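Structure first, commentary second.
Protein chains: 2
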Amino acid sequence: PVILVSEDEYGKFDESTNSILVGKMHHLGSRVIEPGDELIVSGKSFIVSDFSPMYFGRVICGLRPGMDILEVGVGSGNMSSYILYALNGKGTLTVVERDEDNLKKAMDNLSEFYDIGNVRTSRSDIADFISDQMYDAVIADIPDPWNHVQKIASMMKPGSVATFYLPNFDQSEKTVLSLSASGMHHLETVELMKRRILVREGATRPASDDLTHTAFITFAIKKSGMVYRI
Amino acid sequence: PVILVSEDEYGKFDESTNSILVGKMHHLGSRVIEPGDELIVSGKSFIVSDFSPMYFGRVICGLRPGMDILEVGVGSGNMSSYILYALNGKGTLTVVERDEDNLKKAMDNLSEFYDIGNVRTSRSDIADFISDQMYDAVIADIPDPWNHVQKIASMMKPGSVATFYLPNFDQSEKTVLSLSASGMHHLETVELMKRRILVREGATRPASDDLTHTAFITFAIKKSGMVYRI
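Residue numbers (the UniProt record's numbering), protein chains in the order written: chain S, 6 to 27, 29 to 35, 37 to 67, 86 to 255; chain P, 6 to 27, 29 to 35, 37 to 67, 86 to 255.
What follows is the structure, encoded as structure tokens:
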């Protein structure tokens with residue numbers, strides 16, 4: 006554990022000495040601090056995290090081989106494809122998808138380009154999904170994540186990150202409001218807008234090409250449940 | 006080689022049989040087709056590529090371990106950090122940076138969180154940079170890439186992708202216009218806009234948080250120089 010994260014300021018943690026640097031410095035008195044632990048220093052909450060490249064710019086998502094990733098809602102399989110490429114045959118992907126046909130289509134598409142021997146699927150609603158495993162990351166693209174945050178939280182390793190994709194502001198806001206009661210800590214939510222440009226002047230094109238496409242992406246960290254105050 | 010890419014339509018290629026599917031089907035007559044080869048079918052150009060997850064959605086960027094990546098312009102080292110995390114100790118990163126102080130700062134920052142034993146640096150302008158190596162990917166964040174496209178192209182493996190980051194539309198357009206003369210084929214350019222939302226209502230915040238931040242990102246594929254017509 007080296008990073009202290011929050012919805013605004015970030016800091017650094019040294020576990021050998023239990024020191025907190027957020029600028030100014032503090033120390034904890037000698038239990039072992041773990042990822043997901045909450046450190047409240049002068050009334051402000053920080054969550055202990057291992058380093059991840061998403062935090063690099065704040066202290067000066087992160088897919089890597091070996092992770093066990095949970096994907097709730099598959100879509101076209103496009104996200105699954107990026108996940109498998111990054112895993113590079115090491116680690117596993119678990120896909121929970123309520124729609125049987127969408128699931129089959131996605132897996133058929135993926136199997137054309139990837140060995141899917143490290144992929145497991147559950148054709149079920151996330152509410153009914155039962156897993157004994159804890160995941161290193163959760164990626165969620167479902168209609169109503171606010172109704173499944175406690176469930177999703179229960180299968181996240183402490184200090185791990187969940188990414189939620191929502192199509193509009195109102196759903197994004199409802200999702201964020203649901204986070205604290207689940208044992209997750211909101212990091213940030215972004216509106217991302219993409220549009221393709223510099224298409225051949227006057228060319229006939231797919232209608233989509235001139236559209237701006239918008240995603241609302243919420244990141245949250247799983248808390249261990251342990252709180253220290255200094 | 007399995008994918009046929011272009012500035013609009015994508016297709017599939019089978020090298021065993023030299024078949025082209027773009029929908030409708032064609033065949034080439037039995038030389039070995041390689042990534043970066045240009046296939047002109049009925050007056051339309053396609054570039055042969057290996058599969059990459061950036062193409063998945065079009066046929067139904087991609088960092089993975091083992092790649093040799095060239096980064097021209099380092100910034101804060103933020104991109105370098107994502108690259109090293111994805112490489113996972115396998116493959117190499119080469120950073121070409123004209124500003125000595127910016128280079129030192131970035132490398133100092135990176136070394137706090139990463140083993141940088143697979144990183145090489147050149148403190149030079151890309152124009153003067155000499156490399157014997159061919160790279161699997163190029164990531165460029167420099168003021169005037171249009172002046173260095175032939176140079177950059179000369180160190181790309183055929184069929185490999187270059188990503189150019191520009192701060193505005195006019196520079197983006199100049200970059201795209203410079204591509205064809207360099208032996209690179211324009212794939213697409215996007216305007217990406219990001220803004221942070223759902224900050225605590227009425228909180229004092231960094232001025233940046235209420236700003237929308239905009240990047241213009243151009244992707245191009247290196248051609249092998251070989252052209253086939255059917």
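Think of the CB as a built atom: it goes at the ideal place given N, C-alpha and C, for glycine as much as any other residue.
Host alpha helix (DSSP H) of residue 178 of chain S (start-end):
Segment 174–179, the alpha helix (DSSP H) holding residue 178 of chain S.
Please confirm if the stretch 240–252 of chain P is in contact with the stretch 189–204 of chain P, defined as three or more CB-CB distances below 8 Å between the two stretches.
yes
By the three-class DSSP mapping on this structure, what secondary structure does residue 19 of chain P have?
strand
Compute the distance between the beta-carbons of residue 54 of chain S and residue 164 of chain S, then report whether it is under 8 Å.
Contact flag unset, no.
Suppose contacts are defined by Cβ-Cβ distances below 8 Å. Is residue 253 of chain P in contact with residue 112 of chain P by that definition?
Against a cut-off of 8 Å, the Cβ pair of residue 112 of chain P and residue 253 of chain P comes out as no contact.
Separation of residue 235 of chain S from residue 132 of chain P, as counted between CA atoms:
40 Å
Does the CB of residue 188 of chain P have a neighbour CB from chain S at under 8 Å?
no
Beta bridge counterpart(s) of residue 244 of chain S as assigned by DSSP
Under DSSP, residue 244 of chain S takes part in a beta bridge, and its partners are S:188, S:213.
By the criterion of Cβ-Cβ separation under 7 Å, what are the contact partners of residue 107 of chain S in chain P?
The contact set of residue 107 of chain S on chain P, defined by CB atoms closer than 7 Å, consists of 60 in chain order.
Residue 51 of chain P - containing beta strand (DSSP E), residue span:
Counting along the chain, the beta strand (DSSP E) containing residue 51 of chain P begins and ends at 51–56.
Does any C-beta atom of chain S lie closer than 8 Å to the C-beta of residue 203 of chain P?
No, residue 203 of chain P does not count as interfacial toward chain S.
Along the chain, where does the beta strand (DSSP E) containing residue 93 of chain S start, and where does it finish?
93–97
What does the Cβ neighbour count give for residue 21 of chain P, buried or exposed, with the cut at 16 atoms within 10 Å?
exposed
Beta strand (DSSP E) containing residue 145 of chain P: first to last residue?
144–147
For residue 234 of chain P, three-class secondary structure by DSSP:
helix
In chain S, which residues lie with their C-beta within 7 Å of the C-beta of residue 165 of chain P?
Within 7 Å Cβ-Cβ: nothing; residue 165 of chain P doesn't reach chain S, min ~17 Å.
Could you tell me which chain P residues have their CB closer than 7 Å to the CB of residue 87 of chain S, listed as they occur along the chain?
110
Do residue 144 of chain S and residue 56 of chain S have their C-beta atoms closer together than 8 Å?
Their beta carbons are not under 8 Å apart, which means residue 144 of chain S does not touch residue 56 of chain S by this criterion.
Are the stretch 158–172 of chain S and the stretch 223–231 of chain S touching, with three or more C-beta to C-beta distances below 8 Å?
no
Taking the beta carbon of residue 161 of chain S as the centre, do at least 16 other beta carbons fall within 10 Å, making it buried, or is it exposed?
buried
Can you find the residues in the same chain that come closer than 7 Å, C-beta to C-beta, to residue 15 of chain P, ignoring five residues on each side of it along the sequence?
8, 9, 62, 65, 66
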